[PDB]
């Protein structure tokens, strides 16, 4: 009964959408925001916080504020990704008795789906508050590269949240369904360039209209699972650490609190530089010793940021070339390019993509919302708010 909600369960941010007839709507959460940080905190007084309230208390509760769980879900403890993360994450990653990668909080061992379920519960409650009725059914997205274990673990997170998971849909296909509502009629071949907080994906997708059905077919996919916005942040963090050392002679990498503050400040400055030519990073009392307190104040220009991440943006191009080769297409066979993911808002990324294809990406696809909207469209196809759509093998 009710609506089948569409959920984008992201590395960095999650969001929820519904179909109101032919019109998708992305829903704002209890904090008023159309996206929710994928952050789950277990507080000293026993509450579970999700989203911005969790983000806001991370500095004072670092061992019990969980994030980036999408990097662990469905994985084995000795997976190379997991082993890297054990060393860098401030929370405790452990081996379950069966060999899976788990987390431990205040002595309680938890599987990754038990943590991502808290985000899904917030998406469910958001939709219930908006609609005035219970929500029990959902479509949840996953990256195209996810394996069976990762897909099943995501389905399990939905069940833990009290949702019947009607379908798992791949993120590029969801973006294509969002585009396909307001697209030109007939045959179209699109390139979906998705640069999120954790991973990069390029998919070539063909849309057709035949025998009264709109068909969608993935012609090729490629990507880099170690290329995401968090890597852009890391380059800026490293610059700030190096500049502070050069100027003040102190290495902040030894101080976890300082490094947590730098991570937040670096991400804020990076986002600011998508619309400004320069910005300033100010962190009072970033460290202190017997000589006195030290305050960081560093100007970062857009040119400097571009130089720090140029090679990351360039790493996204070779997969583009291979995906076209695999699809048997040249760049002149692509009708539209769709940017998906918050990190595509960087002007340098937009310019490099346009230069590669020789045409500007579509402006009427919101890179932050397309995946959630596509999940909602799939939910409409299952009910009947949306008719005549077929996903081809």
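Positions refer to the first chain, counted from 1.
Q: What stretch has the higher average Cα B-factor here, 150-158 or 242-250?
A: Per the PDB entry, the higher value belongs to 242-250.
Q: Looking at the deposited entry, does 106-114 or 313-321 carry the larger mean Cα B-factor?
A: If you average the C-alpha B-factors of 106-114 and of 313-321, the larger mean comes out for 313-321.
Q: Quiz for you: based on the deposited Cα B-factor, which of 29, 332, 64, 366 is highest?
A: That would be 332.
Q: Of the three thirds of its chain by CA temperature factor, lowest, middle or highest, which one includes residue 23?
A: Highest third - that is where residue 23 ends up once the chain's C-alpha B-factors are sorted.
Q: For residue 352, does the deposited CA B-factor place it in the lowest, middle or highest third of the chain?
A: According to the entry, residue 352 has a C-alpha B-factor in the chain's middle third.
Q: Lowest, middle or highest third: where is residue 255 by C-alpha B factor in its chain?
A: It falls in the top third of the chain.
Q: By the record's CA B-factor, is residue 186 among the lowest, middle or highest third of residues in the chain?
A: Top third by C-alpha B-factor.
Q: Classify residue 58 as lowest, middle or highest third according to the C-alpha B-factor given in the PDB entry, relative to its own chain.
A: Tercile = highest for this residue's CA B-factor.
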